[PDB]
Amino acid sequence: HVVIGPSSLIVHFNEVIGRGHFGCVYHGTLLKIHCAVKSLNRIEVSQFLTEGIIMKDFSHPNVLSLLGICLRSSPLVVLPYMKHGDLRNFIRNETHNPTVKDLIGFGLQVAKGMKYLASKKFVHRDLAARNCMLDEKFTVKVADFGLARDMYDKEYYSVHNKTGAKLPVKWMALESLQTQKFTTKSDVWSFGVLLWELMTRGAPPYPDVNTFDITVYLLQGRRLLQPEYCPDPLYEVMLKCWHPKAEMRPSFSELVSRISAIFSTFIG
Ligand SMILES: C[C@@H](c1ccc2nccn2c1)n1nnc2ncc(-c3cnn(C)c3)nc21
């Protein structure tokens, strides 16, 4: 059910709608549904289809789904069209003016998406507002995973010298920075940074810090500041997300409960 016949898909290669390190994203027509088509030519087949099957089994309103894969004599990843693009660029856009309730709602949507993924035992490893997207109905979808996974904004990835890996250090949990071990509990840390990103309308975290300098920074007893219009219990939620002990951080289930409680207190 993952494979799409070439006959069924029209790829508008002339107009590029996204740029990733592994390949570009183009406007697409799947037969008459509108879609986004990610190419991989900018870079195992058995693990590729396996990744596709897993991604298709994921069905939740706040998780970017897989429409399918097209095989051309590099394979094309077919994803639903996201009218408002990535969450970070949206909240950064001057033409849009989301309220504080709106921003909390966008965070609650990510938590709902992540609660779903964590229950399937799927660890994202690169959660950040730049890696979530919005469709026409303003539905946030946890994206940039499985076959859609890439480096969409290279500015926020530092290369480890002893490993050679591109790491999103300003979103990484303390243990991931020291041991390169990622779990659901480290995705929870990254969720706290996403919460901060939303409440500041896409400001870059720790502007005063330079790459792997971040580890000593956090070990000095430092955390991101409370943004101006961020409610006190929302900042309390973030602080819990950045707990030094992973096992002391809230689950995404707890996060859905606490954020929806904060969200219900706003009129509009
Ligand atoms: C494959 C790509 C994607 C998916 C759907 C879509 N509709 C319109 C454009 N689209 C791009 N994609 N999938 N997950 C992503 N996460 C993030 C980004 C992205 C692109 N630019 N920036 C800054 C982030 N792109 C992502």
Side-chain angles (χ1 to χ4, degrees), residues 62 87-88 91 100 103-115 117-118 122-132 140 142 144-145 153 155-158 160 165 167-180 182-263:
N62 309 116
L87 189 59
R88 203 227 170 183
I91 67 175
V100 164
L103 294 164
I104 298 165
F106 288 157
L108 179 51
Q109 286 190 65
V110 178
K112 277 187 203 164
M114 288 302 308
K115 181 204 178 152
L117 285 180
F122 176 92
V123 175
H124 197 286
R125 294 173 206 257
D126 184 20
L127 179 64
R130 73 175 174 269
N131 285 331
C132 296
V140 178
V142 175
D144 183 53
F145 74 86
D153 187 349
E155 209 209 311
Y156 299 100
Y157 300 83
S158 320
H160 196 289
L167 300 165
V169 294
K170 279 165 170 185
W171 285 265
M172 289 171 65
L174 257 174
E175 63 287 355
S176 297
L177 293 158
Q178 305 163 331
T179 69
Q180 254 141 111
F182 305 83
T183 63
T184 271
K185 289 297 203 213
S186 47
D187 270 355
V188 164
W189 179 290
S190 313
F191 180 73
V193 187
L194 191 144
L195 279 190
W196 189 90
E197 284 198 271
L198 284 170
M199 296 318 285
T200 61
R201 279 199 72 188
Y206 323 96
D208 64 304
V209 182
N210 278 58
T211 72
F212 296 92
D213 202 276
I214 196 62
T215 316
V216 156
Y217 193 84
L218 300 168
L219 296 165
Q220 279 171 350
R222 308 179 186 276
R223 292 301 185 259
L224 289 154
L225 306 184
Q226 175 173 2
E228 215 168 64
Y229 291 91
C230 169
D232 303 353
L234 192 55
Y235 185 66
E236 278 168 25
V237 163
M238 299 187 195
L239 297 185
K240 288 159 193 280
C241 290
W242 316 312
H243 191 296
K245 252 193 165 220
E247 55 278 4
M248 285 316 282
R249 291 167 203 154
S251 56
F252 286 111
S253 189
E254 177 162 2
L255 288 171
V256 171
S257 177
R258 289 189 191 244
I259 298 156
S260 66
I262 299 155
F263 182 80

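Just so it is clear, the values below take in all heavy atoms, side chains as well, and ignore hydrogens, waters and symmetry mates. The chain is numbered in sequence order, starting from 1.
- Put simply, CZ on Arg222 and CH2 on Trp242 are 14.5 Å apart, with the number rounded to the nearest 0.5 Å.
- Side-chain contact between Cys230 and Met238 is present, with heavy atoms from C-beta onward closer than 4.5 Å.
- Between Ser186 and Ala173, the shortest heavy-atom distance links the atoms CB-CB, 3.6 Å.
- You'll find the side chain of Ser176 stays beyond 4.5 Å of the side chain of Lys185, heavy atoms only.
- Side chain of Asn62 to backbone of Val110: no donor-acceptor contact under 3.5 angstrom is found.
- Contact check for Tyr206 versus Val169: no side-chain heavy atoms found under the 4.5 Å cut-off.
- Closest approach of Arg223 to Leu218, counting heavy atoms only: NH1-O, 3.4 Å.
- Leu127 and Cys132 get closest at one heavy-atom pair: CD1-SG, 4.1 Å.
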With a 3.5 Å cut-off and sequence neighbours excluded, list the donor-acceptor pairs that the side chains of residues 254-262 form with protein atoms.
{"residue": "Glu254", "atom": "OE2", "partner": "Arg258", "partner atom": "NE", "Å": "3.1"}
{"residue": "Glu254", "atom": "OE2", "partner": "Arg258", "partner atom": "NH2", "Å": "3.2"}
{"residue": "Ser260", "atom": "OG", "partner": "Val256", "partner atom": "O", "Å": "2.8"}
{"residue": "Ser260", "atom": "OG", "partner": "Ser257", "partner atom": "O", "Å": "3.0"}

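- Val216 meets the side-chain contact (heavy atoms from CB on, under 4.5 Å) test with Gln220; sequence neighbours excluded.
- Within the 4.5 Å cutoff, the side chain of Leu174 has heavy atoms near those of the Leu219 side chain.
- Taking the ring pair (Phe, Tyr, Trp, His ring centres under 6.0 Å) definition, one finds that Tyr235 meets it with nothing, sequence neighbours left out.
- The backbone N or O of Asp153 sits nowhere less than 3.5 Å from a side-chain atom of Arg130 that would complete a donor-acceptor pair.
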Kindly determine whether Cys241 and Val188 satisfy side chain to side chain contact (heavy atoms under 4.5 Å, CB included), including the steps that lead there.
CA-CA 6 Å; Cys241 290; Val188 164; 4.0 Å; yes
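- Under the rule for a salt bridge (charged side-chain N to carboxylate O under 4.0 Å, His left out), the partners of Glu247 that lie at least two apart in sequence or sit in another chain are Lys245.
- To the nearest 0.5 Å, atoms CE (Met114) and CZ (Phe122) are separated by 8.0 Å.
- Counting all heavy atoms, side chain and backbone alike, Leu195 lies closest to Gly107 at CD2-CA, 4.3 Å.
- A salt bridge between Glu175 and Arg249 is present, with a side-chain N of the basic residue lying under 4.0 Å from a carboxylate O of the acidic one.
- Expressed to the nearest 0.5 Å, how far CD1 of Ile91 lies from CZ of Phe106 amounts to 8.5 Å.
- Contacts of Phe263 classified as side-chain contact (heavy atoms from CB on, under 4.5 Å), with partners at least two apart in sequence or in another chain: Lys101, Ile104, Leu108.
- Residues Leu167 and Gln180 are in side-chain contact: their nearest non-hydrogen atoms beyond the backbone lie under 4.5 Å apart.
- Judged as a side-chain contact (heavy atoms from CB on, under 4.5 Å), and not counting sequence neighbours, the contacts of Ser253 are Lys115, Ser251.
- Scanning all heavy atoms of the two residues, the minimum distance from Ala111 to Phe252 falls at O-CB, 4.0 Å.
- For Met199 against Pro231, the heavy-atom pair with the smallest separation is CE-CD, 4.0 Å.
- Residues that satisfy the side chain to side chain donor-acceptor pair (under 3.5 Å) test with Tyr217, not counting sequence neighbours, are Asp208.
- With sequence neighbours excluded, the residues that form a side chain to side chain donor-acceptor pair (under 3.5 Å) with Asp232 are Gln226.
- Looking only at distances, a side-chain donor or acceptor of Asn131 sits under 3.5 Å from a matching main-chain atom of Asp126.
- Between the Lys170 side chain and the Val209 main chain, a donor and an acceptor come within less than 3.5 Å of each other.
- Side chains of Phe212 and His160 form a contact here, defined as non-hydrogen atoms less than 4.5 Å apart.
- Pairs of residues two or more places apart, or lying in two chains, that qualify as side chain to side chain donor-acceptor pair (under 3.5 Å) and include a residue from residues 187-205 are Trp171-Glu197.
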Residue pair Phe182, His124: steps toward the ring-ring contact (aromatic ring centres under 6.0 Å, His included) verdict
CA-CA 9 Å; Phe182 305 83; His124 197 286; over 10 Å; no
